[PDB]
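Structure, as structure tokens:
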Amino acid sequence: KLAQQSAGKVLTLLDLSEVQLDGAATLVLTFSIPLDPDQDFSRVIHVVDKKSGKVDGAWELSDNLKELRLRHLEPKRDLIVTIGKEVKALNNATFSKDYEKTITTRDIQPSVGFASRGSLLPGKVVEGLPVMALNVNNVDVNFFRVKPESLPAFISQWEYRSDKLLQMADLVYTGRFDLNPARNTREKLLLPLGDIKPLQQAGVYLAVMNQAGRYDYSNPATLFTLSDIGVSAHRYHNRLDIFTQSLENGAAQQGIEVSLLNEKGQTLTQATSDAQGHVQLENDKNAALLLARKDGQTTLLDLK
């Protein structure tokens with residue numbers, strides 16, 4: 001097959017490197033021509049940790065057959081790679097001699113955090129929060145329900161970037177979540193909240209990861225909203241056609257207090273949704289947020 005194009009070409013080891021493949025540090029050996037897939041690579045290529053010995057895992061040839069990979073490397077480790085003479089190519093080429101190569105794997109630090117700062121998008125329930133983790137098996141998380149009256153002030157502070165700046169909210173839940181990402185694999189995971197009843201009550205919540213551990217921490221706080229009010233804003237020249245509709249059945253929602261707030265969370269204008277769940281306002285160059293509320297339910301919409 002590919003053996004015909006590489007016929008007459010020598011087998012050369014072009015490179016030895018560490019690359020991030022999927023979410024894990026991977027050892028890559030790049031060869032000049034396609035390698036034979038039927039050979040036992042563990043018999044001809046040895047990877048040995050200077051202190052702990054024989055590195056576990058099997059070699060994986062790339063689809064192009066010129067790269068040989070060994071995934072999920074341990075960080076900050078000294079490795080001896082011995083490429084034996086008898087490594088065979090598709091065209092039957094071999095090396096002239098053994099090669100010995102060293103590599104110190106990258107010092108990648110344990111890291112955990114939320115996938116994002118969150119969204120103002122409302123939900124009827126909160127099933128899970130997406131998180132990401134590398135060699136952080138568990139995390140302690142504090143959940144705060146923002147006081148209904150403190151919300152425009154709270155959200156305006158949050159949207160602009162804080163120890164006592166949290167008495168705008170009430171602690172409603174503390175839990176330890178066992179992530180256990182696969183060793184040396186940066187994984188996308190979920191904090192399951194579905195069965196935590198206090199996080200299923202209407203409101204805007206802030207989830208905060210405990211700040212105790214020598215980790216990167218990326219996004220330690222995230223925001224989520226539990227609301228029945230679905231808000232949509234349509235812009236045409238200077239007009240805002242705002243529709244408030246139920247997240248349960250899509251029906252028009254009447255009597256919803258809709259406000260346009262500035263960057264300080266101050267009301268610029270206010271109106272009530274009609275029988276068709278409609279609110280028509282002029283655009284305000286200072287409007288940063290749209291706020292919709294009724295009977296303890298609150299939805300925010302970013303106009304920026």
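Read-outs throughout are calculated quantities, based only on the coordinates presented, and are distinct from any laboratory measurement. So basically every Cβ, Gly included, is an ideal-geometry build from the backbone, and we count neighbours across all protein chains shown.
By the rule of a C-alpha distance below 18 Å, with chain neighbours fewer than 8 residues away ignored, the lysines paired with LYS85 are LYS9, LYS66, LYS97, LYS101. Remark on region 111-226: Rg and Dmax equal 14.0, 45 Å (Cα only).
Straight-distance candidates among the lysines for linking to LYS188, with alpha-carbon spacing under 26 Å and chain neighbours fewer than 8 residues away dropped: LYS76, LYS124, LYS197. Site pair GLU127 and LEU14 shows an inter-label distance of 4.4 nm when each label is modelled 7 Å from Cα along Cα→Cβ. Shown for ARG117, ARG186: other C-beta atoms within 10 Å of each C-beta, ranked fewest to most, produce the order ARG117, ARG186. Let me check I've understood the local charge: for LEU189, count other residues with C-beta under 15 angstrom from its C-beta, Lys and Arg +1, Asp and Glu -1. What total comes out? That works out to 0. With both labels modelled 7 Å from their Cα along Cα-to-Cβ, the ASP49 to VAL172 distance reads 4.4 nm.
Note: region 20-178, Cα convex hull, 193 Å³ per residue. Its Cα gyration tensor gives region 13-104 an equivalent ellipsoid; the semi-axes, largest first and in whole Å, are 21, 15, 11.
Ordering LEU199, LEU179 from the fewest to the most neighbouring beta carbons within 10 Å gives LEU179, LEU199. Summing +1 for each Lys or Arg and -1 for each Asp or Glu among the other residues whose beta-carbon sits under 14 angstrom from that of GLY213 gives 0. With r defined as the distance between the Cβ atoms of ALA115 and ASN249 and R0 fixed at 35 Å, what FRET efficiency is calculated, to the nearest 0.05? Once rounded, the FRET efficiency stands at 0.75.
Model label sites at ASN92 and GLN157, defined 7 Å from Cα along the beta-carbon direction, differ in position by 7.7 nm. Once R0 is set to 35 Å, what does the formula 1/(1 + (r/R0)^6) return for the Cβ-Cβ distance between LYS101 and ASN137, expressed as a FRET efficiency to the nearest 0.05? Between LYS101 and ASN137 the formula returns 0.60. Summarised as an ellipsoid, region 159-300 has semi-axes of 35, 18, 15 Å, derived from the eigenvalues of the Cα gyration tensor scaled by 5 and square-rooted, with the largest first. Dipole check for the chain: with +1 at the C-beta of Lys and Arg, -1 at the C-beta of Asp and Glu, and the Cα centre as origin, the magnitude is about 680 Debye. On the basis of the beta-carbon distance and an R0 of 25 Å, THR272 and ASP302 show a calculated FRET efficiency of 0.70. Cβ-to-Cβ counts within 10 Å put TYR215, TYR205, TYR99 in ascending order as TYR99, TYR215, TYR205, the fewest first. How many angstrom lie between the C-alpha centres of region 186-235 and region 242-274? Taking the Cα centre of each part, region 186-235 and region 242-274 sit 23 Å apart.
All C-alpha pair distances within the chain, sorted into 10 Å bins from zero, spread as 6, 21, 20, 15, 13, 12, 10, 3, 0 percent across the bins. Our helix-only sum for the chain, with -39,500 (n - 2.57) per DSSP H run of n ≥ 4 divided by its residues, gives a mean residue ellipticity at 222 nm of -1000 deg cm²/dmol.
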